[PDB]
Each structure stands twice: as structure tokens, then as C-alpha cells.
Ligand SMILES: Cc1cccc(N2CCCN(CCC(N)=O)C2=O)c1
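The data below hold one chain only, encoded as C-alpha cells and taken in the form deposited without the named molecule.
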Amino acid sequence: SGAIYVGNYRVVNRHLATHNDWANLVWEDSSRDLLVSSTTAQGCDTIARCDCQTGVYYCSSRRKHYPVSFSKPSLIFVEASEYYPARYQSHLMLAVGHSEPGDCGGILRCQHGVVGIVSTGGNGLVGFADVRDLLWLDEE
């Protein structure tokens, strides 16, 4: 579990969005596994605006943050998980590291701020849904 709180937006994995998220929907994209809903309180996170490929992510299933190198966001085939069938996911970054289903929502961060959230796992990789292209998260 986990979210990004930027401005008056809450960014969550689409597959973990709640009814309240859907009832306050801003934007969602199944191919990216992302959903954004509106919030009443302003959030503490800053979105990275960069093309870093190194950062640190939180792994709930280890209670640890790990430094990783990761691929640039791409269209990637993802094997079946507990929450999606096998399918292509867009805007996905991969690193070598541990990720189970409940790790989804952990933040990946670089020197510029939040890069994305855990979205995929298995076979010794962790996949992160990028948010750095969503420039509108920083205004309105």
C-alpha cells in the first residue's frame, strides 16, 4: 500500500484505489496502473522533474529502503500477478530488487523528489509506475 500526496492530489495504484478515490476522481489510466483523486489537505511530496535512473525505493515486505538503478519508463510485458493478468504496462521502470503485491505504493525517490510508486514485482525485479511526466500534478 501507499500513495503520493502532492498538492491537493492523491496518487495511488489504480488497482488499490478505493470507492472514495473513484468518487473524487481526477485522472486514471489502467495501462499505467495509476489513479489520481482529489484531497482536502495539502500533501508533503514533491514530484521529481528529471530523467534520473538512480534512486531509493521503499519495500514494505522487508521494512527497508533500497538504493536501485532503474530503466527509463517503457512499455513492458508484465507476467500475471495476484492483482492483474499478464499484460503490457506503459510508463513502467524496472530495477533489480524485491517486490511482492503488498509492496505496491512504496515510493521511489531521487535527488529531485518522488519518481514513482511500486507497481510490479516477481522474478527478482521491482517495477515502478513513473509519475514524472504528469506535470499537472504540480499545479491547480
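Numbers for residues come from their place in the sequence shown, where the first is 1. Rigid core (definition): largest C-alpha set, two forms, superposition within 1.5 Å. Residues that one form lacks are left out of the comparison.
We do not show the form deposited with the named molecule bound, though everything after this point is about it.
Using a 2.4 Å cut-off against backbone and C-beta atoms, the named molecule, superposed onto this form from its pose in the bound PDB entry, places 3 or more atoms that close, and the site is blocked.
In the bound PDB entry, the named molecule lies farther than 4.5 Å from every heavy atom of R49. Annotation for 70-89: interface residues with the named molecule in the bound PDB entry are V78, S81, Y83, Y84, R87, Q89 [heavy atom within 4.5 Å]. Of the candidates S60, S81, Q89, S37, the Cα that moves 2 angstroms or more after core superposition between the shown form and the other one belongs to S81 alone. After superposing on the rigid core, the one stretch of 3 or more consecutive residues whose C-alphas move by 2 Å or more between the shown form and the other one is 79-87.
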